[PDB]
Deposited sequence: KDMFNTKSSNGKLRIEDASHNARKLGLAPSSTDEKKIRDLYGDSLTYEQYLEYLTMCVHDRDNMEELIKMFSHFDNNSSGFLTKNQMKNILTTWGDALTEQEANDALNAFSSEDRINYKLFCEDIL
């Protein structure tokens, strides 16, 4: 390794490419406390996916937001994530939604 993971995370942050909490855990588990150049590029690629998946989940809820410009219920968001657009599994939908009780504040959180 050559750069510290928290320095790697700060770098991604100011590139507008904020790493998710789970991505921070996994990268350390895989490569230790520091990253080589190649491992850092892999890490950045994961952050790219975090950003993209965030933008495209929010837009997916925007397609289903006829209810003015507020939010949706836990049940119908689970259907959007699982049966309509299978973004994530049923157990992954269940547990993640249990962290509450709007969508673009939910998507920014599961980062």
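Stretches of the deposited sequence lacking C-alpha coordinates, numbered from 1: 1-10, 112-116.
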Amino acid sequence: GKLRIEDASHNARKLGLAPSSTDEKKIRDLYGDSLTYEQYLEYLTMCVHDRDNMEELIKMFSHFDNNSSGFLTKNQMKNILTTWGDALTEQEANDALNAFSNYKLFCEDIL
From here on, numbers count along this sequence of modelled residues.
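Once the C-alpha B-factors are averaged per stretch, 39-47 and 72-80 rank with 72-80 first.
The mean C-alpha temperature factor is higher for 88-96 when 88-96 and 19-27 are set side by side. In the PDB entry, a CA B factor belonging to the lowest third of its chain's modelled residues is recorded for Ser9.
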